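Before any questions on binding or motion, here is one chain by itself as structure tokens, the form deposited in one PDB entry.
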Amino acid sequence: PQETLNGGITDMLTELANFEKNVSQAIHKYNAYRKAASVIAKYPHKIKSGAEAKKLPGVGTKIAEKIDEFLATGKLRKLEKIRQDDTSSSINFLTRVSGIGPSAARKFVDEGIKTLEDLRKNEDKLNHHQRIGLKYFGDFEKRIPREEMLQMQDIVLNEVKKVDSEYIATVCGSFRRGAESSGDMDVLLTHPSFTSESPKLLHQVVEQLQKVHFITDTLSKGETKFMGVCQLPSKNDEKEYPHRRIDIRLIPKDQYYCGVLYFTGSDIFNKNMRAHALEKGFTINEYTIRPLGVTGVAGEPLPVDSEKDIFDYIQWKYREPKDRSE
């Protein structure tokens, strides 16, 4: 429900996760805090003690104990000193720039660099990806309105076809799940001339999308995966639409739907499916669905021509993309 119920607690947890991830470089601690913060979100009751929250999956002794200290004092000793930390705050912030992870953030903060302004003055100490992340700092933190997504979709699809009518292109993520807003645009690309058996295939797409002035920057590009920046055309005299993150993967036709399924998520939904496929005699990854032997041994890939085949194999009513949150 609404934040107020356990916002103070979930906020603390989230703040702690960011600290562990950006500062401590302890990714598993980050996830442990995040998982607990989200499970405490679902909870329909005002948590009155740590022991209460402990009754949940993902909440152990340490978090239960911080919840006890939080309820009593309204603060968190640890988070307090962390907010004072002249370094922890700065390292946390810099990682908000795409291309700057825990390592670079720390190096910058040690060289005295700790604000966007500092970054602008020292563009020379940043690689190409980081320069772009700095350039579109604000634009990258904005949500993309579904209405805008559709508009972008029509552009990609249209252009993809303009190059070769046999190109299959699907847009996934929260978009393909119907959501009103999306963080970025993920596009899965395939072509009949590309399978797990058989360079200008992905390239001529990125190339074309550059010609119609959609894709504006490249973070990374190779023969199978592309990550860059796109933008919708300006409606005369009106604000130029913000720049957006676009990913374009070239997946083999024989593992395209497993791809399509995996990248449509949500990840929590996939887990409730991966773990279900596991106790029914099947394994689902990003590329293929495979049959297991008695001794947990895998086996050759099984023919998948549609996102539906995956469900039939593990006997699970084809869930709808519209209601596949979990």
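One rule holds for the numbers: they count along the sequence shown, beginning at 1. Take the two forms, superpose them, and find the largest set of C-alpha atoms that agree within 1.5 Å; that set is the rigid core.
Form deposited in another entry: not shown, discussed below.
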Quiz item: Do you see a C-alpha shift of 2 Å or more at residue 259 between the shown form and the other one, with the core held fixed?
Solution: no
Quiz item: Once everything's superposed on the core, is residue 10 shifted 2 Å or more at the Cα between the shown form and the other one?
Solution: yes
Quiz item: Hey, does residue 223 budge by 2 Å or more at the Cα between the shown form and the other one once the core is superposed?
Solution: no
